[PDB]
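# Descriptive structure summary
Residue-level listing of the chains:
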Protein chains: 2
Amino acid sequence: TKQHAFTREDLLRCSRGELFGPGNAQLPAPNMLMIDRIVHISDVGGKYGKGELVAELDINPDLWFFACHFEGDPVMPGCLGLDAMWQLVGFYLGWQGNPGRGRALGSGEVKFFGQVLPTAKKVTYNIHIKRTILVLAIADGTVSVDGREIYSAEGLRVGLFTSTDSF
Amino acid sequence: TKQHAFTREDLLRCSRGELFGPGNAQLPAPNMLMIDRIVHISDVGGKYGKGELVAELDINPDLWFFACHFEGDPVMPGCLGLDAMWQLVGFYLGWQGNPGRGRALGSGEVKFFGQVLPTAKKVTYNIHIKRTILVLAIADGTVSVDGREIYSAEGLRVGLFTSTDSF
Ligand SMILES: OCc1cc(-c2cccs2)on1
Ligand SMILES: OCc1cc(-c2cccs2)on1
């Protein structure tokens, strides 16, 4: 709740379990990590007045997903933009000081209506925290590329589990 | 509409643009490809009586996403199970004989309520075609692992575009 911005090294540290500690929220490591930095995170503001994040991913033509999605027709997979949003919501829960490891629970409505091409420079994520409570967060999110809105998700859900070995 | 099952080599061929031809639907290539084989595909049956697919992905502990999602806590990303479903719906549109390249358009409701661990053997996807029409398909889908249902998506949408360079 005190630190409001995070560098890539912070996010890598988070992915090793070294930002929030043992048994607590982890971002994925590369190549599933879809965030380069969190430019702003707060527990106030956002469209519901219950917090928001602004985060970024730098684009260059050599990002691994362009070569295979699709051959001769490169475009960032929307599923990874969507996962960026789940990653960010999980991070928020950890940043709030909740214990447990993250699992995406799903989403209300997801829309893709624009492309991230390999000539793009920067993707920006906006996350609006709708509600926090098991421990879980509900949020809305939008992905943009170089100023243009391209993806949206309503009712993103992420949960924290102190146990996942007894299902 | 004539061939009702596809091997991994067929799906790799599809990813190179060589199953449906130039400017037509492509599956992603590895490592975004989340399908090993399509066990059954039909334009009849399914929960709406407008077609269905059954597909599989073999699991082993060395699949790339286990190491990074998450370090010390491996679990298949739900976003990739979800993408498997979009991949399959796009494939269906191509299999039906529609021209154009695929783009996921989004989804109605997504739920994750179970894990694919690295000790699992086989993930099975079921897709139920709800409606086909731009060219697009609406469908519902469920992901299962070794018999157990774990993810669901309502109102998966995928579209085909004969042009994506003029947005
Ligand atoms: O596969 C994800 C994806 C989908 C799209 C578009 C959807 C509609 C117009 S472009 O851009 N990226
Ligand atoms: O990060 C995605 C994911 C989430 C889950 C679970 C959700 C609820 C219980 S386990 O499995 N994979």
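Coordinates for the structure precede this section.
Residues numbered from 1 in each chain as written, not as in the entry; some residues may be left out. Chains lettered and ligands numbered in written order. Heavy atoms only, no water.

In this section: the site of ligand 2. What surrounds ligand 2 is a group of 13 residues, the closest being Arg103(A), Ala104(A), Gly78(B), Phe112(B) and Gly114(B). More than one chain reaches ligand 2: the nearby residues come from chains A and B. Residue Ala104(A) places a main-chain N or O atom 3.2 Å away from an oxygen atom belonging to ligand 2. Take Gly114(B): an N or O atom from its main chain is 2.9 Å from an oxygen atom of ligand 2. Bound to the protein, ligand 2 loses 95% of the 340 Å² it would expose on its own. Counting residues per element, the shell around ligand 2 draws most heavily on strand 3 (residues 101-107) of chain A, at three residues. Partitioned by chemical class, the residues of the shell around ligand 2 number eight nonpolar, four polar and one charged. (Near = heavy atom within 4 Å. Polar contact = N/O pair within 3.5 Å; in protein donor to acceptor, adjacent residues only side chain to side chain. Areas by Shrake-Rupley, 256 points an atom, 1.4 Å probe, with all protein chains shown as cover. Helix = DSSP H or I, 4+ residues; strand = E, 2+ residues; numbered from the N terminus. Nonpolar A, V, L, I, M, F, W, Y, C, P; charged D, E, K, R; others polar.)

This part takes up the site of ligand 1. The environment of ligand 1 is made up of 13 residues, and the closest members are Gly78(A), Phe112(A), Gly114(A), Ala104(B) and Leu105(B). More than a single chain frames ligand 1: its nearby residues are located in chains A and B. The backbone of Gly114(A) places a nitrogen or oxygen atom 2.8 Å from an oxygen atom of ligand 1. Taken by itself ligand 1 offers 340 Å² of open surface, and the protein chains cover 95% of this. Broken down by element, the shell around ligand 1 gets its largest block of residues, three residues, from strand 3 (residues 101-107) of chain B. When grouped by side-chain class, the residues that make up the shell around ligand 1 number eight nonpolar, four polar and one charged.

Residue and element names in this part refer to chain A. For helix 1 (residues 8-15), the complete set of buried residues consists of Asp10, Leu11, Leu12, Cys14 and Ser15. Those residues of helix 1 that are buried lie in contact with strand 1 (37-42) and helix 3 (78-95). Looking one or two places after helix 1, you find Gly17, whose phi comes out positive at around 85°. (Buried < 20%, exposed > 50% of the residue type's maximum accessible area, 1.4 Å probe, protein only. Contact = heavy atoms within 4.5 Å.)

Bringing the pairing of strand 5 (residues 122-132) of chain A into the picture now. All names here are of chain A. Alignment of strand 2 (residues 52-58) against strand 5, held across seven bridges, turns out to be antiparallel. Within strand 5, the residue paired with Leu57 across the bridge is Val123. Bridge analysis of strand 5 against strand 6 (residues 135-145) gives nine bridges, and the strand direction is antiparallel. Looking at the pairing, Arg131 lines up with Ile138 of strand 6. (Pairing = 2+ DSSP bridges.)

Under the defined criterion, the tally for this structure stands at 17 aromatic pairs over all chains. Ring geometry for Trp64(B) and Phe65(B): centres 5.9 Å apart, planes at 70°, overall edge-to-face. Given the relative accessible area of 22%, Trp64(B) is considered partly exposed. Among the aromatic side chains, those forming a connected cluster through ring pairs are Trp64(A), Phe65(A), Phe66(A), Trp64(B), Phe65(B) and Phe66(B). (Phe/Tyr/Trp six-rings, centres within 6.5 Å; stacked < 30°, edge-to-face > 60°.)

Further remarks concern the side chain of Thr124(A). Along the chain, the position of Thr124(A) falls in strand 5. In this structure, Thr124(A) is in contact with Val54(A), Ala55(A), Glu56(A), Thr142(A), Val143(A) and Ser144(A), ignoring residues within four places of it in sequence.

So, about the packing of helix 3 of chain A against helix 3 (residues 78-95) of chain B. One way to put it is that helix 3 of chain A packs onto helix 3 of chain B with a least axis distance of 10 Å and a crossing angle of 155°. Compared by their axis directions, helix 3 of chain A and helix 3 of chain B come out roughly antiparallel. With respect to the hand of their crossing, helix 3 of chain A and helix 3 of chain B are arranged in right-handed fashion. Of helix 3 of chain B, the residues touching helix 3 of chain A (which contributes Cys79(A), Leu80(A), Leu82(A), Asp83(A) and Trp86(A)) are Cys79(B), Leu80(B), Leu82(B), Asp83(B) and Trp86(B). Of the residues contributing to the contact of helix 3 of chain A with helix 3 of chain B, the split by class is eight nonpolar, no polar and two charged. (Axes fitted to C-alpha atoms, helices over the stretch in contact; angles between N-to-C directions. Parallel < 35°, antiparallel > 145°, perpendicular 65-115°, else oblique. Left-handed = near helix turned anticlockwise from the far one by under 90°.)

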